[PDB]
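What follows is a single chain, given as structure tokens, in the form deposited in one PDB entry.
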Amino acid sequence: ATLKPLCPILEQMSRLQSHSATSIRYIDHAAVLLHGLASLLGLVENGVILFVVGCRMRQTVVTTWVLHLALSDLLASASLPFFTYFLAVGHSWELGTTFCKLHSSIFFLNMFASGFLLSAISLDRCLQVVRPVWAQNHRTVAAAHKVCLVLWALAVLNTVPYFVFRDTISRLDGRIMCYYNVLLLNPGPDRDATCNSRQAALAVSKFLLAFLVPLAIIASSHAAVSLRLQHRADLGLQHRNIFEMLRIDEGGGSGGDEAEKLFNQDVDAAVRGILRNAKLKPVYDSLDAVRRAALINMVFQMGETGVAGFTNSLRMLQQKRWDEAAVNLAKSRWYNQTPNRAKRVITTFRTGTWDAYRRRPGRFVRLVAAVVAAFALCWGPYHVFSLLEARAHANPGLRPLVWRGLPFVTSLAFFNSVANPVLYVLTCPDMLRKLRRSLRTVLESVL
């Protein structure tokens, strides 16, 4: 027999029951089937989405975001069946204490990930429009994959406190609760103070890092590209800027600090390095303006020492043998790893015609706007109530109000993992089209 000190919120919660002192648990079977089907749908929907985007669809930077975005929701749908079991038993956790920490961590892991990814998506789209020269040279899929790995690492780092402060608390009804045990580790001299501060520190930091700050970034980046496209379209209407390429002064200001701007686009800096190298100077001067700019992109992507490694490729550009140079370039490590930023360069050497990067409209815009809309509507009410239960430590009157909505708005955030794969299809015709392809392919395994 062991006794653990609890918060006044949990202590008041460990005696809540309809019938006075009994072990008979009332069961809401309507919610069991609801979350049961939600568990089934979530696993199947995100299951096929991962397959479609990840195997049948051509891999891009944007699809990589969506891929991980649907990966986090897959895990959220993997812990959900254990929440169904929780309801089926009668709101009691009967699967140990460590598993309680894991199951809970998946919820917050999904939360932070979905908040960090949606931030990454907005920032990526921001760099695509605001920083065209940098984006066309460094926005490779390999980079986008490494970003996600950092985001997951930061996500699991912010779910550790939740993993730690999760515990099994016995009710008087025989029920076993799985919730916040703030006082589980290092209780201060003032229990009521360390109970309030830690709960507030959790609810607030969660609200910021996984909701307010993302929505701030999303709304702020959305305004950046809107003004940029307006100023860009104004430049496009000008007759003199018909054949111009690699602009930087779209953001206004001056070119005095181009070598210091994050996400660098300093074209002049690259040119000075080209004229300095013995293997690049005679090749640069022999090229026309369109092909000279394509050479600047190569030293942007792999440096000047990297482009000087292609001896009998510069030998080809110097002799204006474009096609035979194209063959040699497309058979390298540089093209094999990052084909999209490479092919755009090679074709320029081939045709001598500039293909504008800031000309290409953004993709999955309908998708992200929908996913963002759902994210704000499903995690919205949650953070509201969760901030109120941290507020309810001081105000006991809010405690009954919390448990009239918190179980609802929490399951509302759970259903965000079910909504997204549907939203993927409804806003992305290619994704839906690619799905009905494989759907028809498998169904044709009867003939």
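Rigid core: the largest C-alpha set superposing within 1.5 Å between the two forms. One-based numbering along the sequence shown.
The same protein has a further form, the form deposited in another entry, not shown here; the description that follows concerns it.
Once the core is superposed between the shown form and the other one, every option in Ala200, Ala369, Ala376, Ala356 stays below 2 Å in C-alpha shift except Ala356. In that other deposited form, the CA atoms of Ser226 and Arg358 sit farther apart than in the displayed form, by at least 3 angstroms. If you compare C-alpha positions, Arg358 and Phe349 are 3 angstroms or more closer together in that other deposited form than in the form on display.
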